[PDB]
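Down below is the structure, laid out as structure tokens.
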Amino acid sequence: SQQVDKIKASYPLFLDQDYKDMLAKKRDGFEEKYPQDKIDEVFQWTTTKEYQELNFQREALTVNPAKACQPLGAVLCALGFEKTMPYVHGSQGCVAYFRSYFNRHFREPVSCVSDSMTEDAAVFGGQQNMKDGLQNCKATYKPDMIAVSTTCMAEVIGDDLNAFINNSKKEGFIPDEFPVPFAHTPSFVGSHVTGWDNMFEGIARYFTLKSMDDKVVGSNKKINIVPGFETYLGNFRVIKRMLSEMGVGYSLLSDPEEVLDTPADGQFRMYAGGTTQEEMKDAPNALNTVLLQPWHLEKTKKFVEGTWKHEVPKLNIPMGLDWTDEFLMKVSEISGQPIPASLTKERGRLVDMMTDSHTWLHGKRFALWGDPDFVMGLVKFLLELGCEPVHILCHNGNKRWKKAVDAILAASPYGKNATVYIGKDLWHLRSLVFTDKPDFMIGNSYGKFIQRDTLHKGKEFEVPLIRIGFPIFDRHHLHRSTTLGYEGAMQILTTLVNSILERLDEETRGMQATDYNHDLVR
Amino acid sequence: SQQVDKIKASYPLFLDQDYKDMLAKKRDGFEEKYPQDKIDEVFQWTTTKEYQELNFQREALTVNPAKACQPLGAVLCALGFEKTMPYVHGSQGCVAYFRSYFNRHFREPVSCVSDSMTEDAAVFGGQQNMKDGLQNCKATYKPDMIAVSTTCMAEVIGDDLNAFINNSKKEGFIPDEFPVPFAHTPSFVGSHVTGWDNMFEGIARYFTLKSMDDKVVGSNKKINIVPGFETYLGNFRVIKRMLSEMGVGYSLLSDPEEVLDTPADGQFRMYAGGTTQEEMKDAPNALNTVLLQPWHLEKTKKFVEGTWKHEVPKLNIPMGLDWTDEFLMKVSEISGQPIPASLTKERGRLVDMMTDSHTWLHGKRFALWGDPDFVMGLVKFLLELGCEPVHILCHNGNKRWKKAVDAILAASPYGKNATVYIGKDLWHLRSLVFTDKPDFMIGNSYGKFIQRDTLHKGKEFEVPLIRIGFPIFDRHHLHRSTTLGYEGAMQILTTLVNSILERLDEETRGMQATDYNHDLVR
Amino acid sequence: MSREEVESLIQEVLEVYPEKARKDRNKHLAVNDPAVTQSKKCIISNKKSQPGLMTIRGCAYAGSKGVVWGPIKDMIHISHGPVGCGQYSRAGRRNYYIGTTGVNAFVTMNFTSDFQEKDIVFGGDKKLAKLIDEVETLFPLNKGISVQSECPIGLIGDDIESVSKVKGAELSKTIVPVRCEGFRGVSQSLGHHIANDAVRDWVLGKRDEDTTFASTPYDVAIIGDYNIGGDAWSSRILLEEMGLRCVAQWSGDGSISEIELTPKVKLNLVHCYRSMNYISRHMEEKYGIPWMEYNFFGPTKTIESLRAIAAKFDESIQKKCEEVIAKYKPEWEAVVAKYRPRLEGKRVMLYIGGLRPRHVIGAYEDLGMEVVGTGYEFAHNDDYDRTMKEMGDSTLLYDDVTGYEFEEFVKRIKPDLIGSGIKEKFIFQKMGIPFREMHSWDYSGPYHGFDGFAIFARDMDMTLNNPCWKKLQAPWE
Amino acid sequence: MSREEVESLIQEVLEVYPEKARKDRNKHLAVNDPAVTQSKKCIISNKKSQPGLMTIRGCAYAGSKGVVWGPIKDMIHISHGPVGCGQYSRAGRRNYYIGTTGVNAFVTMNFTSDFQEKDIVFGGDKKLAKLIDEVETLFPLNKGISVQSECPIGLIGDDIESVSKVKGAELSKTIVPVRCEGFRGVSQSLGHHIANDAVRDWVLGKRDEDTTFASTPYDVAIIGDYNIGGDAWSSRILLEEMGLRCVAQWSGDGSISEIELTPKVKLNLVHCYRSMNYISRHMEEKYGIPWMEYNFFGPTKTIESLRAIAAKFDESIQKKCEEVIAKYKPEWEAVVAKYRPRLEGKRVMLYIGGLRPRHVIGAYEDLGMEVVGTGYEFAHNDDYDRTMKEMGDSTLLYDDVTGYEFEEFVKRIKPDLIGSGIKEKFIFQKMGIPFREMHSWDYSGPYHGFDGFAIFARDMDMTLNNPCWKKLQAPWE
Ligand code: ICS
Ligand code: CLF
Ligand code: CLF
Ligand SMILES: [Fe+3]
Ligand SMILES: [Fe+3]
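Residue numbers (the deposited numbering), protein chains in the order written: chain B, 2 to 523; chain D, 2 to 523; chain A, 4 to 480; chain C, 4 to 480.
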């Protein structure tokens, strides 16, 4: 039943007793459900240390992973160039999934095309699909550039992208001067950040490899900035603002902030902004190149040092106080521009916010997960705040990155209780937060289920989730946030301290029971 | 007892049974406490409509007011001028309270002085305190200007500020050239915003009244902007940014953003930034003057129109979409500068966020309170979003403002269930949210107690609080936010939609009970 | 009604294409005639998508794992292959279920092989066996395992059927291999076919020799309802208010025991013909169970469906059906009285995939709304045969529409509202046109039955009449 | 040390002042000599603040309403006058209590008469009577009303005593008029005096003729503890563990019945001499009840206080006292072992209003920390007499310190840590010196007793050793 003046949707229409009686009859009559005592016992068992031992003995099964496949990152990288259509050679289901994943996170249109490979192609190859796809996409969508990445099916059958694109050009399906950079992006190897690295290296190679003769390092008096896989618009905005404040000439590469933030003014803009082809062609003439996320830009680093002959600095991601300071000092040393007073004041204001909230932040225990560079920057900032990272998980991390994070943890007294896990998934993390309970989780939306599980054990066992990272489907407009620089540190500090305070108010709201500590002023 | 490895604070050390037994024994033995059944019955009675009728029949008693007294606003206005010491003539207890109040809200040093009038002064007046205080303050803290406001005790005894300051100048306690503007700020009349208006009008009169002969309207090609009583740094910053983006010459008056946001670099700066005396002297040469919060700047409006001969526009506070559009169009018409494309894109991005979150925002019911201009701007924006303001309360509102808000509500179908209350306090609002339960409260930290009360009635009756306004003691760094312009609208929309979603996740977190609606994607 | 103008618009939109793509796409665009009964003579469906045209279609893995098998709550579904597939499909479809996740229900979880280049080079059969053992260790209350193949499993020479057989007998556990590689077929529909074949071959006949379930003359099974926003629960209550007993529902909130019990029912009610017609026909041939299609979108279709379903039974059920209709009449009448004038005369264009575009038209008409455009991502000619009678004269019909095509059609027709998926939403919101997600219901379940209609009317009114749509043009421009 | 240096620093700091202000200020600054037991020959206190000097000192209304009367839960406290006073003091002090707020407890609520112009011109006695009626209507479970006067009450000639008497007898309700106008006195300390006089005159003797309370030889009353962050609860448990019975608790978590019960108790245990010595002396003269001061800051002082308190009773209490000391010895010893190495050798400068600048010195020394400067907002000469012996030789002493004076002293001395009020904290955090808020314990759980010492040590360690203090200097500068 519904009341027209107060219509109820699925929650809480199902809570009405007619529906409860229906569901009870259904369960008791036809579901053959295990008795509730058995279910409770099994759940309690899954929260134990013995279960955690069994769970960490896993070798073949992955449960609730915390990573994606390479072509998603390749598509994100391609979206950062002016009037560029991401083109994915292979099966169309992959493109449907990529578009929908990105569409939910940014609340924005994501444009990508597929050649729709079929079972007949698996034995004859994808070259006919490639020639038709390149012709069709160029005609109907009119892109300046087409960046080609590969699905796992194309990688398994061994399609040769270079030969396919060349034959399309010799055929006349597409013009011989039309830029078609490509990259092989296997889903089985690495993750989405690896795909971003491969796509960027393919584009840079395509535009610079055969024209290095006339290139002189430092002649255009700019610095190249490579952002890596970034899902926060504010990070692009802050990096541009800091560089412009210093008066430093810069050339951002693969920047999509404009395409993923178009206004709603009555027209649909498929393309907006992006790195131009002239910028990429002139990139080897820059003073140097900075990689903002070096731990997934290794192939790009090899190309930039080997071919462009740039002496790429050893910089961490500019997250938190010390690493932002080091990034700014390196930029100043490369360009010869002093650090201006506005950035000095911004740093001082961040330090003031740190002194203001240190009493609430000190000693809090965090579990956290994400991509390697973001995870290590967050761990560094947490140590700077006097917090304790307990469980550090990076599903797509490697051994060298783990060694670097361990070194960072050893440099602080607040890292004594930290353990770093690579190759582990969110079910492992669920066991970790049950057996060694921290105060908060930091991660993406997939953590919400873990929170639910802990609340099922009890309110005193619940571990609240703090949403920082990718993807964030449940929340709205958090993709506009910033995590880099002093501005990003300020935002993250505010989020953390106010999550702590909101939890404290939740715990002290009980009248005549816990509300003696329900203070007006905190 | 305490465990050294896990020390416990008052919550939950008191929860331990030894303390519980102690408290039970204390209550049972010596408090003569009413039986818990009588307590429960009286509480349930206070949540009823009969209690609400009795509550709204109040004439003499005020419970939990939502306003402050004039000298607080006077001090805030004085803080907005360069190297200015706010001086309050009267009892020192007021200054201690003002400084403590402001210090908690901004987490920053607040400098104010008193002349410490005692009972002897209550008999023979405060002139000796005035002379010695002005001399002492100028010698010790070295201000360029001293702005004098009045405590209630000085107003009751009828101290003549002008005569006192003149006598101090003619007897060599301070130099005759030293600027000492003053204003009468009685606590009984109006509220803190009235004090801001009085202080600003006193300063403007002091610097312009006797020098109008050489003033020509529009000769300096600028627009004066008066902000009123503003506790958000982001509001000053966004006004400055938007005016600079249009390329419009402007002269902000009473801006304290720098002195309330000084960096922590190892030195204490008592003064920073602020409107200069030259700016105030040259203000009558501007093209026009804009009042950002006209409903508490009426005396300032009278002075600016009567004396400066500026045709002050009839503008609402630039909050939400329509009023920001009107403010920008009026600025463009006055200055002759077209609205640039960056602001057009910012407006489009706000509209994009509105279309993205409208399904979650539509039809939600809000109670809300604050200062008149802020309340009316928030009501306007809520109507623009398809939300329903149900209970609108402004303790320091008047009848003309109430007609303006009623007219705004009548212009939308979403205002059909709204009622506006002036002269009511937060105990009235507690009755309103019990008898006619809305979905959320919007207001300052004093609302938390109301939330607690509603949770005591039951989880299904709890009304969550959303902290927007002044003061915000419990939260950290919310004073850095913005509420004006497209930026402020974006921040407020994000806060609202994510409060709705966080409540929804709270209600659907119960495993096998309500978690069927615990969706990953919202 | 401007039939020549619709034909002219189709020609001008097709002008952009190269010759081969234009000749292919011209067959997939038609102007509706109600009188025509054979849809093959005007529109072609179920063909390969043109390359590089930004199609909306998915793959067979989405049709099998995402649509059919995933809702089964008490089974564990292993995405066999690289990590991407299961991660993008994890909990992206709102199939409502009641259970304890991670203990007895596993719908929102992602179980995956996480294949790596070694697994590609040397195969993943031993890894699959070890995975099955680990699953048995860590999730003891599971009632079955399905193995959904991704694109490499078919491309490399894996043989998951033998692993399923060997492991199944050893653990006494039902293990269902599904060959749903994404490169098979042209859309999700082949995924439906493969999933139904797996259901008949590995699950459906477990209780053929068993006769311990007590059956009644009023035993029915709901087929093809996935419980989006609890849509099946809204439909089931009505069936139980009519006196019938619902033994099973496929597959939303469904359990493996319900599937195994289905061959004992007296009637099969199939909500989605496209996903489940395969197994419905199989059960009719093998068990003698009749099946009928029904529609619970909007009061008119719901009342018609209830009366027909009751007509399949005796007079007591028909008397109960008239009581249910009489009980619910004032509620949907009030819904109509409150929301009909606000949405009256409004025009809608819908692209929803297989069953929904024809199915929801009656609900829009119940609110006085006209559906000018209907489109399908992966329907077959029989779906268009049913669609042409439902659709009005001179309206636009379109199969596997491209992004360019649909944008141009919307620009010309200028609908008041568009109902489609997540990949079109932001595109048309930036255009200034109100948009409703017709797959997830914009996270507002349910739209099915009498209770569903009240949410449907409220949602359509709140999006079409929203204040923001009047604000996309800046005052100064 | 360097007494001559500290005296020279006092002279250089005084150089800025005009002649009148400087001559008064010098009397309020001193170099400590522990041997000197008459502080009047050394320092002058309890005098009016010089005007324009940014004095920390609060008004008499803050001393009475904010400090003494506000904590009792049952009584409704009316701020009589304009709205500002009660709004700034609403729930700003953490006097903890157990109750149901708005029903039987009213501590965090602000009741005010909220005067307007007409109340100033015509008077507020009729308004006060009508207010009392409304209070009785809307809060029926209140057990008494106090009326705290603000500045205009005294200045306009309102007679609240007559209103209190008339309304009290008519409603059979205790109504306590308090003439705590801010213009009276020079500090909060005069308000303490007025509040104690009101307690003596209107509340304390209501049960002089009543003998229905059963008394024991072990009856004590805690006087002068405001339960800041539950400080009194931490102290009461120890007293209950020693065998004593705590009849009353002034005034944190206190009730009016406990105040009336205080004449029955055998001994008075006074924590804050400054605020409650007035009523303690009155009760000694009137009822023959002895009173003694104690200190529960840090393990050494609490052990000494427990032994001294037990010495007032028989041998069983002394046995229980030794048992309590033995029970708690390992916990505070572990706290010392953990935190003294982190804090050994550090120097502290403490500015607070009364008692605490001398009460907390032992707890700092228990962690190996040296107090090199201390001062009071509003202490009298007896407080400085008790202070000089508890501070080290050649340390800085300072009464009613101006904001400029304190900043210069901190710059010269360069302490490791500063304990002071909220107004001071932002200024010293900017300069890079760790700050602990003594008045509110920085919103932290109690500093009193053995349980309190653990929190105290943890809090001091975390602010002093926090990593941010090493970061105010940018690397480039
Ligand atoms: S199964 Fe089919 S695309 Fe019949 S694959 Fe698709 S939950 Fe659609 S039109 Mo998403 S044939 Fe169901 C469908 Fe219809 S996932 Fe849902 S809405 S009624
Ligand atoms: S010293 Fe003390 S706090 Fe000051 S007034 Fe006097 S009793 Fe009160 Fe009150 S309303 Fe505001 S804060 Fe004053 S100006 Fe009057
Ligand atoms: S059509 Fe379908 S979704 Fe595509 S792969 Fe094939 S079964 Fe799967 Fe999978 S991991 Fe990523 S998303 Fe692909 S590239 Fe492979
Ligand atoms: Fe968007
Ligand atoms: Fe601060």
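Just so you know, even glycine gets a beta-carbon here, dropped at the ideal spot from N, CA and C.
Sequence-distant residues of its chain with Cβ nearer than 7 Å to residue i (five each side left out)
i, result
"residue 53 of chain D", "432 and 436"
"residue 399 of chain B", "423"
Whole-angstrom distance between residue j and residue i, CA atom to CA atom
i, j, result
"residue 216 of chain C", "residue 268 of chain C", "10 Å"
"residue 115 of chain C", "residue 133 of chain C", "12 Å"
"residue 244 of chain A", "residue 238 of chain A", "10 Å"
"residue 481 of chain D", "residue 256 of chain D", "15 Å"
"residue 437 of chain A", "residue 226 of chain B", "39 Å"
"residue 303 of chain C", "residue 297 of chain C", "12 Å"
"residue 287 of chain B", "residue 14 of chain A", "50 Å"
"residue 379 of chain C", "residue 519 of chain B", "30 Å"
Cβ-based neighbour list, residue i, same chain, cut-off 6 Å, excluding 5 preceding and 5 following
i, result
"residue 112 of chain D", "271"
Other residues of its chain near residue i: CB distance less than 8 Å, five sequence neighbours each side excluded
i, result
"residue 447 of chain D", "65, 67 and 427"
"residue 319 of chain C", "246"
Sufficient close CB pairs (3 or more, under 8 Å) joining the segment 429-439 of chain B to the segment 366-373 of chain B: Because the criterion of three Cβ pairs below 8 Å is met, the segment 429-439 of chain B and the segment 366-373 of chain B touch.
Residues around ligand 5, please: the ones whose beta-carbon is closer than 6 Å to some heavy atom of it, in chain order. Having a Cβ closer than 6 Å to some heavy atom of ligand 5 are B:353, B:357, D:108, D:109 and C:429.
Using only Cβ atoms and a threshold of 5 Å, which residues come within that distance of a heavy atom of ligand 1? Order them by chain position. Checking every Cβ against the heavy atoms of ligand 1 under 5 Å gives A:70, A:191, A:229, A:275, A:277, A:278, A:355, A:356, A:357, A:358, A:359 and A:442.
Is it true that the segment 82-93 of chain B meets the segment 260-275 of chain B, where meeting means three or more beta-carbon pairs spaced less than 8 Å apart? Output reads yes: the segment 260-275 of chain B touches the segment 82-93 of chain B.
With three or more C-beta pairs closer than 8 Å as the rule, is the segment 321-329 of chain D touching the segment 258-266 of chain D? Fewer than three Cβ pairs drawn from the segment 258-266 of chain D and the segment 321-329 of chain D lie within less than 8 Å of each other, which leaves the two stretches out of contact.
For the segment 33-66 of chain C, list every residue whose C-beta sits within 8 Å of some C-beta in chain D, in sequence order. Of all residues in the segment 33-66 of chain C, those with a C-beta nearer than 8 Å to a C-beta of chain D are 51, 52, 53, 54, 55, 56, 57, 58, 59, 60, 61, 62, 63, 64 and 65, reading in chain order.
Any contact between the segment 357-368 of chain D and the segment 379-390 of chain D? By contact I mean 3 or more CB pairs, one from each, below 8 Å. With the cut-off at 8 Å, the segment 357-368 of chain D and the segment 379-390 of chain D touch.
Can you give me, in chain order, the residues of the segment 493-504 of chain D that have a beta carbon less than 8 Å from any beta carbon in chain A? From the segment 493-504 of chain D, no residue has a Cβ closer than 8 Å to chain A.
Any 3 or more C-beta pairs closer than 8 Å across the segment 408-416 of chain C and the segment 6-26 of chain C: Contact between the segment 408-416 of chain C and the segment 6-26 of chain C is present: three or more C-beta pairs spanning the two stretches fall below 8 Å.
What are the residues of the segment 432-454 of chain D that lie near chain A, defined by any Cβ-Cβ distance shorter than 9 Å? Those would be none; no residue qualifies.
Counting pairs of beta carbons, one from the segment 199-212 of chain A and one from the segment 254-271 of chain A, are three or more of them closer than 8 Å? Contact holds: three or more Cβ-Cβ distances are below 8 Å.
Should the segment 466-480 of chain C be called in touch with the segment 8-28 of chain D, which here means at least 3 C-beta pairs below 8 Å? These segments do not touch.
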